[PDB]
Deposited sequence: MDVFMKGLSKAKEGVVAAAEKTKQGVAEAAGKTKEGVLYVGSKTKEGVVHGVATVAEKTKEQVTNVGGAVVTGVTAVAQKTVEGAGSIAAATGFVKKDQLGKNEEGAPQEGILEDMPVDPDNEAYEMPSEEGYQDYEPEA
């Protein structure tokens, strides 16, 4: 499991957000197990979780994610 990222090197990248919420519940990244023998979970990269959610220019550079999730029996 290898990840390699290389980077070699008027409004830009500008954001405006206004949010109004009376009641927000947000769970993000959740793993829940009830009575379960094996759970294997991987979350990789960018997760944005909002009642209001904005992602802008998330990977302007090089981004690499490598995952190997699992079991051997």
Which parts of the deposited chain sequence are absent from the coordinates, listed in sequence order?
1-14, 24-32, 97-140
